[PDB]
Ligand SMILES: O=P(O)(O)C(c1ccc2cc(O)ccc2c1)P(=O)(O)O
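Single chain ahead, written as structure tokens, the form solved without this ligand.
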């Protein structure tokens, strides 16, 4: 019951200042850390070879959009490869991101692994030598990190074991990050897979988050120097009953109010299969919910920000302008949504309404 300060006042100030800059009013996160195995399917959809140059070019396309995205993007998450690549003008991507007022993030987990004795459940690995990697990434320009755990709703899931194990490992990952001046984004994703309804997702989300913050407390984590990346509370993808955006918003904010301490600097929602438009409309409704919310409620989207741009590009170099324009459109929209000032209008492509849901392959 004795205190052995894990961080110093200076270390706390550095972590808190970083977390606040990432989720400053009107700002959100662009999750462009897709691996080669993942980005491959993306490039394939538009019939493009999955080469290092193509991946480089595509990342450059998103990172070098006009200055209209500056007020919209507070942070950009990159994959190891991209952190060490450069734009056509020789500027390292981390430098390109910062020159536009954004903070650089890096994925540090090494994927999910199966939990023996469970019904298809998993935990995440990547703690080995994480300290040394964080210290090096910090030097190379990164200020925050990404780590994803995955849970699923079923007849016997998520189980007591899965919840406890995933909560404990997130805490370890957060502790090591903070020791190296890196803001950890805690990500306990609850998949939308299944036919459960809204209230069931809310119940599970509440139990999961209560377990996550108890674990963070046991591990002496500095919450002001962290961010939370949860799933919005929605019905199952196969649920028959329909709900409005106001209901999803109310269920989501209620779950958070019952589990997330005010000390947490911000919440950056994951789209999880929602369409570009659907993701923006819900984020907006959440920010308009009548209930009191002591934390920033913004975005951290991957495909929900790139869908239209990826299609507009098509792998054709002469379509750069068209591609970037679609990206900019979604950034501005979400910027307004994280402020509760978004109202969808006329020119909203069909690709923006397409469901980006993919059944969890396992």
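Residue numbers count along the first chain shown, from 1.
We do not show the form deposited with this ligand bound, though everything after this point is about it.
Across the proposed site, 34, 306 and 310 without exception bring a heavy atom within 4.5 Å of this ligand in the deposited complex. Heavy atoms within 4.5 Å of this ligand in the deposited complex map, among the stretches 289-297, 37-45, 64-72, 327-335, onto 37-45 alone.
This ligand is not shown here, but in the deposited complex it comes within 4.5 Å of a heavy atom of residue 302.
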